[PDB]
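The structure under discussion appears below in the form of structure tokens.
A short reminder: the numbers here are calculations on the coordinates, not readings from a lab. All Cβ positions, even for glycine, are placed from backbone atoms using ideal geometry, and neighbour counts span all protein chains on display.
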Amino acid sequence: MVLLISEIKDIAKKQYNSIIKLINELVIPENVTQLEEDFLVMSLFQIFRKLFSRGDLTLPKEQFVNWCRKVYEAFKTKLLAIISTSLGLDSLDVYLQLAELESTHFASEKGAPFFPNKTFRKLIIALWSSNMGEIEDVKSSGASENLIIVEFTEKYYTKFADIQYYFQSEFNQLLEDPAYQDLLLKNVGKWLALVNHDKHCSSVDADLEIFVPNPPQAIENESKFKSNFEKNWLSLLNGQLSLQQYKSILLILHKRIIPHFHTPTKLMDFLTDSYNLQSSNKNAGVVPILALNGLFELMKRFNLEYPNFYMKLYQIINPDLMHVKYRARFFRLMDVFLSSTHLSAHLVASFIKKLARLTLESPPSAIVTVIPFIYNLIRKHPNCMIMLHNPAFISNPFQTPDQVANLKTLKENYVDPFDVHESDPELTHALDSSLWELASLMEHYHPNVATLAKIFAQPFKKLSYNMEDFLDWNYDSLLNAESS
Amino acid sequence: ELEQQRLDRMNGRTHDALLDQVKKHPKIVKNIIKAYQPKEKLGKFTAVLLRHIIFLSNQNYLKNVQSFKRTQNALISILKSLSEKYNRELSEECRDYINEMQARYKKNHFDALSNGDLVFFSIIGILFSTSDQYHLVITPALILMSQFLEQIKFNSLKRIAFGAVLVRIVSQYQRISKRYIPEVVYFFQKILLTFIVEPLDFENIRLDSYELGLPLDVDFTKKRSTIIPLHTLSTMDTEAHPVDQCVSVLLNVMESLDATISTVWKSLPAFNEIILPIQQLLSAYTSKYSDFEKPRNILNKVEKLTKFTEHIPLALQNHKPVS
């Protein structure tokens with residue numbers, strides 16, 4: 001109504017007085033934005049943006065400094081309004097226009113690529129100060145489901161490479177200040193979402209265009225950007241993390257933080273500390289094992305072995321891992337770690353007994369995923385067939401009665417020597433105990449498990465079982481395969 | 001010939017809404033409509049009758065046995081009368097119902113679950129050949145039941161009653177099949193740990209809630225309540241979980257576990273190994289109140305099964321020459 005008329009009067013325009021009046025109106029709008037939060041606001045923001053653009057295109061102590069002061073006041077008002085859907089998008093567009101005008105008109109000398117640091121720090125402080133109830137403490141998935149911060153990270157931080165370096169430099173400079181570092185540590189879901197966006201400048205598979213027309217040494221040193229990212233990751237992982245947040249941080253460390261880290265000693269120490277973490281909570285008990293996969297990244301990075309890695313892998317396998325959605329990664333890690341030629345037969349037998357118990361207490365998907373590992377172990381280890389078939393208990397038609405009597409006497413005193421409570425895989429006597437639990441899983445309702453059991457019962461034709469195709473399997477996947 | 005066919009399978013009017021509105025003595029009207037149709041229309045009438053029966057089962061069960069169970073039996077007989085002549089349309093309707101149930105389970109965890117799903121599963125088991133191993137309707141229903149038993153959690157008496165009804169339906173469907181189900185054993189272990197949560201012996205069972213329990217306050221004598229199968233009535237009154245109701249649910253779960261052990265798990269010696277902790281949990285029941293009679297009988301049956309089994313070995317993989 002009146003806002004549109006004011007915008008039209010400002011656009012039609014003694015133009016300095018009109019611009020000052022428009023700035024005052026924008027300030028009044030930003031002041032009443034609190035009550036607004038408690039269509040005209042978007043129009044006022046658009047009018048303010050248009051006035052700022054006109055002032056930047058025209059003006060450059062009462063003609064140059066006055067316009068600059070008005071622009072700074074408008075920017076501060078916008079930052080205060082953003083800190084305290086359509087309004088957020090309008091504020092983001094106004095901030096982008098102000099950044100473009102600062103990089104294009106606020107420079108003293110034309111030709112030198114310079115970017116503002118006070119305005120960027122003020123915008124970062126205004127964006128980081130905003131906190132919502134539905135953003136932090138994500139229960140289903142993610143770390144921070146924001147509306148303005150996520151849109152800015154996906155539309156502006158994911159499109160420019162110099163913007164990411166500028167944000168890293170602003171966070172490193174803000175880490176020296178105690179209040180800004182405390183604000184960054186309190187809002188750790190925003191940094192987690194920025195890291196999980198996977199749009200950093202260190203990634204070579206994706207290229208980002210230059211936001212400003214003149215890049216201010218954006219590719220001068222990637223080592224400085226890597227060091228800033230490592231410092232930000234070290235400062236943001238000091239504390240104030242939930243169990244789901246810790247699991248997300250471990251997944252990011254094993255997925256897309258180790259490749260962006262300059263010094264991996266701190267990351268390896270954090271992964272080793274998290275892999276040994278265990279509490280009475282049932283949710284956190286599987287939090288360390290995936291972090292152990294990050295320790296496997298250390299096994300692919302440094303020549304440092306974890307203490308009792310085989311014992312930790314044996315004690316980390318439980319029914320909670322088979323009932324979790326991250327069972328595929330744990331199964332892949334167990335299959336990869338068992339591919340070494342230095343593994344003994346007692347540890348292999350104990351792992352086979354543990355997998356048999358896990359398949360005895362799980363759904364059909366976990367048993368189908370673990371059947372290929374057992375088949376690969378039987379193909380690779382010929383002694384494991386001794387756990388499958390016992391020739392001393394066999395009977396032949398062309399045999400003497402004394403041998404049959406001895407076999408009957410041996411079978412009459414047959415016991416199970418395997419110990420399930422024994423954490424040491426070598427000390428577990430699963431080699432002398434038969435794998436009876438495989439026979440209990442043969443009679444299953446699903447036909448794929450029955451086909452896998454029938455293939456395992458017969459002789460092995462090919463060594464490569466192609467376990468990658470039968471790795472991702474669930475109830476919905478099995479239902480879709482059966483129905484289609 | 002029918003037994004041989006079962007063994008071989010083991011080894012190897014228009015709109016539904018309009019019909020439901022017209023029905024809302026419905027069984028007699030449905031029978032009259034079916035007779036008038038029989039005097040694609042028959043398949044549409046059968047689908048509409050099945051939808052009306054499912055709506056009546058999942059809507060309310062406030063009427064008694066002689067007022068609601070008689071009408072349900074009449075509707076089931078009317079549906080089974082056209083089930084022998086129409087099987088492809090019935091299989092397509094069962095597949096569509098299974099897909100709708102899967103979509104409801106994917107959309108909501110327990111809010112989209114209704115009390116008519118158990119009745120629909122029982123009707124599908126009764127109508128179709130339950131002895132069939134690979135079937136277009138039986139296999140998907142069993143897979144969906146196993147997924148619901150292994151994916152859902154227990155936090156109230158309604159979840160425990162639904163799990164007991166699902167275990168009973170799985171035992172009835174596998175009464176002729178006699179197949180081993182690790183999901184059923186896992187559900188029984190979870191029900192035993194949830195009623196004994198009130199613990200340190202079983203830590204990998206991953207119990208959902210520790211708020212559920214079973215105190216030693218019920219006599220569990222011969223005057224105790226029976227199973228009394230009424231899914232709507234039990235689920236709608238499970239907010240007030242009584243000691244008598246929880247004791248009846250625990251006794252029904254123990255009886256179902258004993259029936260599955262003596263009818264399905266008695267043919268596997270390795271299941272005795274799978275009965276190593278659970279009977280110990282029953283021994284924990286023997287250490288819980290030391291007054292129940294079903295736990296002592298279950299322990300005696302487990303001991304007899306362990307003593308009868310030799311627990312030796314079983315292998316094969318042989319070969320020879322050729323012609």
Pairing a residue in the stretch B:49-77 that is more than 12 Å from B:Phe120 (Cα to Cα) with any residue that is among the aromatic types (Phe, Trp, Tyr) and assigned to a helix (DSSP H, G or I), where Cβ atoms lie under 9 Å and the two sit 6 or more apart in sequence or on different chains, gives B:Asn60/B:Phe68; B:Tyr61/B:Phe68; B:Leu62/B:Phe68
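Looking only at the stretch A:470-484, count every residue that is polar (S, T, N, Q) and either at the interface with another protein chain (Cβ under 10 Å from one of its Cβ atoms) or over 28 Å from B:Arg104 (Cβ atoms) (or both) and tell me the total.
Start the filter on the stretch A:470-484 by keeping residues that are polar (S, T, N, Q), which leaves A:474, A:477, A:480, A:483-484.
Checking which are either at the interface with another protein chain (Cβ under 10 Å from one of its Cβ atoms) or over 28 Å from B:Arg104 (Cβ atoms) (or both) leaves us with A:474, A:480, A:483.
The total comes to 3.
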Among (1) closer than 28 Å to B:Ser234 by Cβ; (2) away from chain A (no Cβ under 14 Å); (3) within 22 Å of the chain's Cα centre (by Cα), B:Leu90 falls short only on (1)
Reported set for the stretch B:160-191 where residues are hydrophobic (A, V, I, L, M, F, W, C), farther than 19 Å from B:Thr238 by Cβ and either surrounded by 24 or more Cβ atoms within 10 Å (Cβ to Cβ) or in contact with a helix residue (DSSP H, G or I) (Cβ under 7 Å, 6 or more places away or on another chain) (or both) is B:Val170, B:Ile181, B:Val184, B:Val185, B:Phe188
Restricting the stretch B:125-158 to residues that are buried (at least 22 other Cβ atoms within 10 Å of the Cβ) and either of a type in the set (S, T, N, Q) or over 19 Å from A:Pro363 (Cα atoms) (or both), the one nearest to the other protein chains (Cβ to nearest Cβ) turns out to be B:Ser146
Every listed condition ((1) assigned to a helix (DSSP H, G or I); (2) acidic (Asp, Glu); (3) within 13 Å of chain A (Cβ to nearest Cβ)) holds for B:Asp117 save (3)
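The rows are residues; the columns are (1) touching a strand residue (DSSP E or B) at 6+ places or on another chain (Cβ under 6 Å); (2) surrounded by 14 or more Cβ atoms within 10 Å (Cβ to Cβ); (3) under 30 Å from A:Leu479 (Cβ atoms).
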| residue | (1), (2), (3) |
| --- | --- |
| B:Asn60 | no, no, no |
| B:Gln66 | no, no, no |
| B:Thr71 | no, yes, no |
| B:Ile76 | no, yes, yes |
| B:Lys85 | no, no, yes |
| B:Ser91 | no, yes, yes |
| B:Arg95 | no, yes, yes |
| B:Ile98 | no, yes, yes |
| B:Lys107 | no, no, yes |
The residue from A:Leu57, A:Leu79, A:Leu22, A:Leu92 that alone is aliphatic (A, V, I, L, M) and out of contact with any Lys or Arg (no Cβ under 9 Å at 6 or more places or on another chain) is A:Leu57
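Would you point out which residue out of B:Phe292, B:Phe271, B:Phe308 is within 13 Å of chain A (Cβ to nearest Cβ) and among the aromatic types (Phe, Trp, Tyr)? Reasoning before the result, please.
Values: B:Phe292 fails: within 13 Å of chain A (Cβ to nearest Cβ); B:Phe308 fails: within 13 Å of chain A (Cβ to nearest Cβ).
Of B:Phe292, B:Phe271, B:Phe308, the one residue that is within 13 Å of chain A (Cβ to nearest Cβ) and among the aromatic types (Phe, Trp, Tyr) is B:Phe271.
Please go through the stretch A:253-276 and pick out each residue that is under 13 Å from A:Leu292 (Cα atoms), of a type in the set (A, V, I, L, M, F, W, C) and surrounded by 20 or more Cβ atoms within 10 Å (Cβ to Cβ). Walk me through how you get there before you give the answer.
Looking only at the stretch A:253-276, we keep the residues that are under 13 Å from A:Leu292 (Cα atoms), and these are A:253-255, A:267-276.
Checking which are of a type in the set (A, V, I, L, M, F, W, C) leaves us with A:253, A:267-268, A:270-271.
Selection gives A:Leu253, A:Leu267, A:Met268, A:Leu271.
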In the stretch A:366-386, residues that are facing chain B (nearest Cβ under 9 Å) and buried (at least 18 other Cβ atoms within 10 Å of the Cβ) total 1
Note: among B:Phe110, B:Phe162, just one is more than 9 Å from chain A (Cβ to nearest Cβ), among the hydrophobic types (A, V, I, L, M, F, W, C) and either outside any helix (DSSP H, G or I) or on the phi > 0 side of the Ramachandran plot (or both), namely B:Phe110
When the stretch A:387-422 is checked residue by residue, the ones that are farther than 13 Å from A:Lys353 by Cβ, surrounded by 11 or more Cβ atoms within 10 Å (Cβ to Cβ) and away from chain B (no Cβ under 12 Å) are A:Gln399, A:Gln403, A:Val404, A:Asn406
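In this structure, does A:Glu151 turn out to be of a type in the set (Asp, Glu), more than 29 Å from the chain's Cα centre (by Cα) and part of a helix (DSSP H, G or I)? Reasoning before the result, please.
Working: of a type in the set (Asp, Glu): yes; more than 29 Å from the chain's Cα centre (by Cα): no; part of a helix (DSSP H, G or I): yes.
In short, no.
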A:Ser202 vs (1) in a helix (DSSP H, G or I); (2) touching a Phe, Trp or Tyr at 6+ places or on another chain (Cβ under 9 Å): all pass except (1)
All conditions in (1) more than 10 Å from every other protein chain (Cβ to nearest Cβ); (2) surrounded by 13 or more Cβ atoms within 10 Å (Cβ to Cβ); (3) out of contact with any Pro (no Cβ under 6 Å at 6 or more places or on another chain) are true of A:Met467 except (3)
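Residue-wise test of (1) assigned to a helix (DSSP H, G or I); (2) under 30 Å from A:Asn283 (Cα atoms); (3) among the small types (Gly, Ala, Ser); (4) in contact with a helix residue (DSSP H, G or I) (Cβ under 9 Å, 6 or more places away or on another chain).
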site: A:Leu79; (1), (2), (3), (4): yes, no, no, yes
site: A:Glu109; (1), (2), (3), (4): no, no, no, no
site: A:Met132; (1), (2), (3), (4): no, yes, no, no
site: A:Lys139; (1), (2), (3), (4): no, yes, no, yes
Given (1) in a helix (DSSP H, G or I); (2) surrounded by fewer than 18 Cβ atoms within 10 Å (Cβ to Cβ); (3) not acidic (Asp, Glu), A:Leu123 misses just (2)
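If you scan the stretch B:1-33, which residues turn out to be in a loop (DSSP other than H, G, I, E, B) and within 21 Å of B:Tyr97 (Cα to Cα)? Give the steps one after another, and end with the answer.
Step one: list which residues in the stretch B:1-33 are in a loop (DSSP other than H, G, I, E, B), which gives B:1, B:12-15, B:24-25.
Answer for the stretch B:1-33, where residues must be in a loop (DSSP other than H, G, I, E, B) and within 21 Å of B:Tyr97 (Cα to Cα): B:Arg13, B:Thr14, B:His15.
Determine whether the stretch A:223-238 contains at least one residue that is out of contact with any helix residue (DSSP H, G or I) (no Cβ under 8 Å at 6 or more places or on another chain) and either closer than 17 Å to A:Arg329 by Cβ or assigned to a loop (DSSP other than H, G, I, E, B) (or both). Talk me through it step by step, then tell me what you get.
Residues of the stretch A:223-238 that are out of contact with any helix residue (DSSP H, G or I) (no Cβ under 8 Å at 6 or more places or on another chain), as a first pass: A:223-224, A:226-227.
From the residues that got through so far, the ones that are either closer than 17 Å to A:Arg329 by Cβ or assigned to a loop (DSSP other than H, G, I, E, B) (or both) too are none.
So far as the stretch A:223-238 goes, no, none of its residues is out of contact with any helix residue (DSSP H, G or I) (no Cβ under 8 Å at 6 or more places or on another chain) and either closer than 17 Å to A:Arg329 by Cβ or assigned to a loop (DSSP other than H, G, I, E, B) (or both).
State yes or no: is B:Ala259 within 12 Å of another protein chain (Cβ to nearest Cβ) and in a helix (DSSP H, G or I)? First the steps, then the outcome.
Numbers: within 12 Å of another protein chain (Cβ to nearest Cβ): no; in a helix (DSSP H, G or I): yes.
Criteria not met by B:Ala259.
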Checked A:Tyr165, A:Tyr246, A:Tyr157 against criteria (closer than 20 Å to A:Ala99 by Cβ and in a helix (DSSP H, G or I)); the one match is A:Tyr165
Filter the stretch A:438-455 for residues that are under 37 Å from the mean Cα position of the chain (by Cα), within 11 Å of chain B (Cβ to nearest Cβ) and not polar (S, T, N, Q); the one that is farthest from A:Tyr475 (Cα to Cα) is A:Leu438
